[PDB]
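A short write-up of the structure that comes next.
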Amino acid sequence: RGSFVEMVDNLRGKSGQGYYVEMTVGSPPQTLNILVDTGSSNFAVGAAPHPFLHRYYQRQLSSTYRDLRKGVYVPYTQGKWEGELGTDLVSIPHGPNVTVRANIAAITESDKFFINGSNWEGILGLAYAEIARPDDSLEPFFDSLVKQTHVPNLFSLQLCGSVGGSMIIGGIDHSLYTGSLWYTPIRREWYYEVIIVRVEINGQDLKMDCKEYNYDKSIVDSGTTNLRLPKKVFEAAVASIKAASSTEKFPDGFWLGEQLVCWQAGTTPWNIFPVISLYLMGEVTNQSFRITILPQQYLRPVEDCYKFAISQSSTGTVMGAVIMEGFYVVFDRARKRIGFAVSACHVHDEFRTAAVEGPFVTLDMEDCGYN
Ligand SMILES: C[C@]1(c2cc(NC(=O)c3ccc(C#N)cn3)ccc2F)N=C(N)O[C@@H](C(F)(F)F)[C@@H]1F
Ligand code: NA
Ligand code: NA
């Protein structure tokens, strides 16, 4: 408990391609790099020689593979995968010293799913059964780990924005953050859904009915890059960010992520750009706390050309790698709560850093959830 040196620095990534962990499947073990995704619930790995893949799961080499004789077809807004379900032995070499029989979707066909040039071959969905495909009877990886071993029911993520970071399975590592953790209730176990109770742009309230902030949900999602905001909130949010920064001008397409913006090396003026404050529902009645991110988080370098990484959504708020990279994030499934602390690795400057503070008094926080 509190100290897990074998797990520190067990994630890798390339900017905008996500964070992955090394895993092994089958006997003998086949090593695969696997995207860490708290916004889905399937363990799904490349199982056929798609040209984008460095490696793929070869069921025929595994003596412990068991076929479930059942297909799965999974579309998303862009792209899709189809695969064959079964189970096999899975370990995490730089995770707990255990092996579990987990469900695995062996991906046999995909479209716009794998990234050309990336170093990962599958996805580890860490969310709950309610959104597993085909349905909630396909037990997700984390559920199997907890049922079959003594690994405690929690994990935590430190994403460092050549990306790296730490996934601590079964605990928290105190060297990964500073100050205190503050917890927000997981409103329902499907996605890691939470409730945003107030939003401030450089300490000015957007002043919306807070139901707008969670229309139709807000979730914590390591498998998305952007901070995504419901359209109505996104519109209010950039209007207020535009106003805060208008001491300089950007093309308008910029704010829709339709073009990039550039300054010449080491000239980016961060001091014009405002901080963005999200207040999350706290653990106690009428109590919230707030997390504060920097322009360093919402202006992503494209390899000095940044992309605006907040974007409108029709699926609700998505706190992607934009948010998580400032924070150490504890997915405390045993107590149905998500903890945030300042990350000991976040990208910052001389004037400002990311922040997690409380308590604040916020009344009627239950009105903020969408039904
Ligand atoms: C399974 C799924 C998903 C995630 C990624 N994710 C990255 O490719 C990436 C890229 C960069 C970063 C970063 N930083 C993280 N992930 C790619 C394909 C996917 F199919 N997971 C989530 N959460 O979002 C859904 C969606 F992508 F469709 F929106 C989708 F359900
Ligand atoms: Na257990
Ligand atoms: Na600490």
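Atoms within a ligand are numbered from 1 in the order they appear, just like the ligands themselves. Residue numbers start at 1 and run along the sequence shown. Side chains included, hydrogens not; waters and symmetry mates left out as well; all remaining heavy atoms used.
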Inset, instruction - Could you check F141, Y191, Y192, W190 and say which one makes a ring-ring contact (aromatic ring centres under 6.0 Å, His included) with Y128? - result: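 It is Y192; the other options fail the test.
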Charged N to carboxylate O below 4.0 Å: is that the case for [X] and [Y]?
X: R290; Y: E357; answer: yes
X: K147; Y: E139; answer: no
X: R198; Y: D205; answer: yes
X: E200; Y: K207; answer: no
X: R59; Y: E84; answer: yes
X: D143; Y: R333; answer: yes
X: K242; Y: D252; answer: yes

Legend entry - Backbone or side-chain N or O of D221 under 3.5 Å from ligand 1 N or O: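 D221 vs ligand 1: N/O contact under 3.5 Å present.
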Inset, instruction - Give yes if a backbone or side-chain nitrogen or oxygen of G223 is under 3.5 Å from a nitrogen or oxygen of ligand 1, and no if not. - result: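 Yes, since at least one N or O of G223 sits under 3.5 Å from an N or O of ligand 1.
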Report yes or no: do [X] and [Y] belong to one cluster of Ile/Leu/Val/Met/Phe/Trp/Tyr joined by side chain heavy-atom distances under 4.5 Å?
X: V199; Y: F327; result: yes
X: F43; Y: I107; result: no
X: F155; Y: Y20; result: no
X: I92; Y: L145; result: yes

Would you mind running through ligand 1 and noting each atom that sits below 4.0 Å from a heavy atom of [X]?
X: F113; answer: 18 (C), 19 (C), 20 (F)
X: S40; answer: 1 (C)
X: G16; answer: 10 (C), 11 (C)
X: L35; answer: 5 (C), 6 (N), 7 (C)

Inset, instruction - For the pair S343 (side chain) and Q158 (backbone), establish whether a donor and an acceptor sit closer than 3.5 Å, ignoring hydrogens and angles. - result: no
Inset, instruction - Please check if the side chain of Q312 supplies one atom and the backbone of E235 the other of a donor-acceptor pair under 3.5 Å. - result: no
For [atom], what's the nearest protein heavy atom and its distance?
atom: atom 31 (F) of ligand 1; value: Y76 CE2, 3.1 Å
atom: atom 29 (F) of ligand 1; value: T224 OG1, 4.8 Å
atom: atom 14 (N) of ligand 1; value: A321 CB, 3.2 Å

Inset, instruction - May I ask you to determine how many protein N/O/S atoms are under 3.0 Å from the Na ion (ligand 2)? - result: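 Step by step: take the Na ion (ligand 2), keep protein N, O, S below 3.0 Å, and you get 2.
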Inset, instruction - Counting heavy atoms only, name the option from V322, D37, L159, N42 that's nearest to atom 23 (N) of ligand 1. - result: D37
Inset, instruction - Would you indicate which of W120, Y191, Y19 comes nearest to atom 8 (O) of ligand 1 when only heavy atoms are counted? - result: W120
Heavy-atom contact under 4.0 Å between [X] and ligand 1?
X: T77; result: no
X: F114; result: no
X: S222; result: yes
X: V163; result: no

Inset, instruction - Using the ring-ring contact (aromatic ring centres under 6.0 Å, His included) rule, take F52 and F114 through it: C-alpha gap first, then chi angles, then the decisive distance, then the call. - result: CA-CA 7 Å; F52 293 174; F114 296 116; 7.8 Å; no
Legend entry - Within less than 3.0 Å of the Na ion (ligand 3): protein N, O or S atom count: 2
Legend entry - Residue portion contacting ligand 1 (non-hydrogen atoms closer than 4.0 Å) for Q78: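 For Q78, no heavy atom sits under 4.0 Å from ligand 1.
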Legend entry - Within-cutoff protein neighbour (heavy atom, under 4.0 Å) for atom 25 (C) of ligand 1: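 No, no protein heavy atom sits under 4.0 Å from atom 25 (C) of ligand 1.
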Inset, instruction - Using a distance threshold of 4.0 Å (strictly less than), state whether atom 5 (C) of ligand 1 has a protein heavy-atom neighbour. - result: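 Flag for atom 5 (C) of ligand 1 set to true, protein heavy atom closer than 4.0 Å.
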Inset, instruction - Verify the distance criterion only: is there a donor paired with an acceptor across the side chains of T268 and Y306 at less than 3.5 Å? - result: yes
Legend entry - Exercise: do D37 and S222 side chains pair donor with acceptor under 3.5 Å: no
Legend entry - Side-chain heavy-atom pair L85, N103 within 4.5 angstrom cut-off: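 A side-chain contact is absent here, since even the closest heavy-atom pair is not under 4.5 Å.
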